[PDB]
């Protein structure tokens, strides 16, 4: 509004555009990833944590290998991994050849090309909080990237401004929209724990 | 200024909702956040000495007085910029226990240091500077490098720790009153994310000016030091350890 | 901003006007359905269902208080220009009788030979 | 000359001796119920909103569910919204029901 | 006296597009 524009001289439309871009990127992550997060995985796609007995925390290595065995025996291939930022350090330690331990050297996990660390995203608007639930800590997801995931981009983003018939006290409101669609799948995902 | 001023900035908030065929879109919201405030104090010490003491005493000179001023000044800077880190009452969120298994080698501090790195990252901060006491310099420095092979286990070197600084206490006996600056307690250490939340505020770093003299007594000018400095510490950066 | 270097304090600026409110999202109950450009009364809101919905789906109702061409009236009644319009939810037809029906509009153009009517929509009271 | 002078989205009022309004809050002043765009003191001029728009608010009585579609009545005594339908004034209809945080979206009404 | 502001680091964190390595992009306005 004019009142908002006139209270603080630091105000400008640039911060509004920045907020639009930030929320848009968060929405892209949400649309494309939350199908993986919120899917009701069955026993076929779920592999349980397998800490044998008082192991160093790089026993996640044996869990990831079991996830690979589940994909390969099911004729999937989990080239990509997705997990929370909380468990990031132990993942690279587990992904790389873990250090020698009790005369037992575990080889590096090779086929995982890369790992995506996707935490959530929360914004407070007015009196409502909208949260895109990221990867739950502990749980991780292994994905076959491109075969079963198609992103449909009809209109990436377009912001427009107008004051054709608005109130006298309201400056030209700013609106942004985007046509988009994403196709997820269960053919590609295996859900890991820890 | 005597006290600084908080930074201000505005931020817009919006969320992209699904917009089914011809509905009304819900607007966003703007909000502002403000920074903290920091302030700078003053410090000064000096000496008095008769002209006869300077002129007749062979060893006495203004050079040793300047040396004492410089030493106390450096110790004051260390105290100002490291006692906020030490005296802070750390909550259980920051603190990390010793967590050493049954009868390890004392390079089992590697376990504690690694988890301190882990807890810094899990809290979205990150440790790059480690602070400890010299009482365990040899143990810590052996721990950062990969310890020797133990029972067929070759532990790796700890990465992402640029430098380690040991800050022991400083002591001085001025006349009959001793002044002591508390250093890092042995065992306890502080892993710090540097120079993002820590700001060093300086107006005059140091100025040794000759002071007023009582000519009627033939007393030389009062050599006096003076520095106008201040610090701004934080808790978001630091993570305590034990041993 | 988690893990921020500094304990900053965030102050909200209040804002009441969430939206222009010319239309309202509504959820279909069991015994309700919609098709495009047809008038309906769903969850106390009366408007033009701009989208199709059958069961527990989301549809939006135009409540712009503009002029609307409807038909779908009780053909037996006469609708002179200026007469008030009531929505008979039991019959799902417009009517002038005010027995227990919702007041929704006032006719701008009288009932022609094909039962077409133009009318202003009212503010959903 | 034209009868229309303004779009009528906002209306000015003068605060009485028992009334005081702060920015972006609901206040019934001189029969006009709206959102004040200025922080007003006694005998001061402020501007309300009567825009017939969808409005957000949590200034509600937290005793009864505000399920979507139910009429919203403004209680000037307690200065709260409610679904009592008593002598309190009618001001709107709920678009989105109350959440766990007790926040309401409702459409304003034309002050009849 | 002179007014100086503590140039502290605030502002919301930047958000990155993490989904790209997974999805196969299809770009066409005709869809």
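Using ideal geometry, Cβ is built from the backbone for each residue, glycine included, and neighbour counts are taken over all protein chains shown. What follows draws every value from the coordinates through simple rules; no lab data is involved.
Remarks
- Peptide ranges D:12-18, B:226-232 listed from the most packed, as the mean C-beta count within 10 angstrom indicates: B:226-232, D:12-18
- For the stretch C:7-99, the relative contact order works out to 21 percent when only alpha carbon pairs closer than 8 Å and six or more residues apart are counted.
- Per residue of peptide B:63-71, the mean number of Cβ atoms on other chains within 10 Å of the residue Cβ is 0.
- FRET E, pair residue C:92, residue D:65, Förster distance 25 Å, beta-carbon r, rounded to 0.05: 0.35
- Shielding by partners - mean other protein chain Cβ count within 10 Å, residues of A:150-158: 4
- Fewest-first sequence of C:76, B:83 by Cβ atoms within 10 Å of each Cβ: C:76, B:83
- Column: log10 I(q)/I(0), Debye, Cα scatterers of the stretch B:87-243, q = 0.16, 0.20 Å⁻¹: -0.97, -1.31
- Highest-fluctuation residue, C:33, C:23, C:113 considered, GNM on chain C with Cα pairs under 10 Å: C:113
- Cα→Cβ-extended label distance, 7 Å offset, between residue A:12 and residue C:102, nm: 4.8 nm
- Euclidean distance between Cα centres, the stretch C:63-103 to the stretch D:38-56, Å: 35 Å
- With the Kirkwood sum run over all distinct C-alpha pairs, the stretch B:161-243 has a hydrodynamic radius of 16.9 Å.
- For the stretch B:81-99 and chain E, distance of Cα centres in Å: 33 Å
- Paramagnetic label zone (point 7 Å from Cα along Cα-to-C-beta, residue C:54; backbone N under 16 Å) in the stretch C:3-33: C:28-33
- Each part reduced to its alpha carbon centroid, the stretch B:1-28 and the stretch A:134-194 end up 18 Å apart.
- Counts of other chain beta carbons within 10 angstrom of each beta carbon in peptide B:17-23 average 6.
- Calculated FRET value between residue B:201 and residue A:129, using beta carbons and R₀ = 35 Å, to 0.05: 0.45
- Chain A: calculated mean residue ellipticity at 222 nm from DSSP helix runs of at least 4, using -39500 (n - 2.57): -9000 deg cm²/dmol
- Considering all C-alpha pairs of the protein assembly as shown, those separated by over 38 Å amount to 58%.
- The residues B:19, A:32, when put in order of fewest to most other Cβ atoms within 10 Å, stand as B:19, A:32.
- Principal axis box of the stretch D:14-112, alpha-carbon based, largest edge first, Å: 38, 26, 24
- For the stretch B:91-161, convex hull volume per residue from C-alpha positions, Å³: 104 Å³
- Fraction of the pair-distance distribution of the stretch A:43-176 above 20 Å, Cα-Cα pairs, percent: 62 percent
- Look at A:117, A:141 and count the other Cβ atoms within 10 Å of each Cβ; fewest to most, that gives A:117, A:141.
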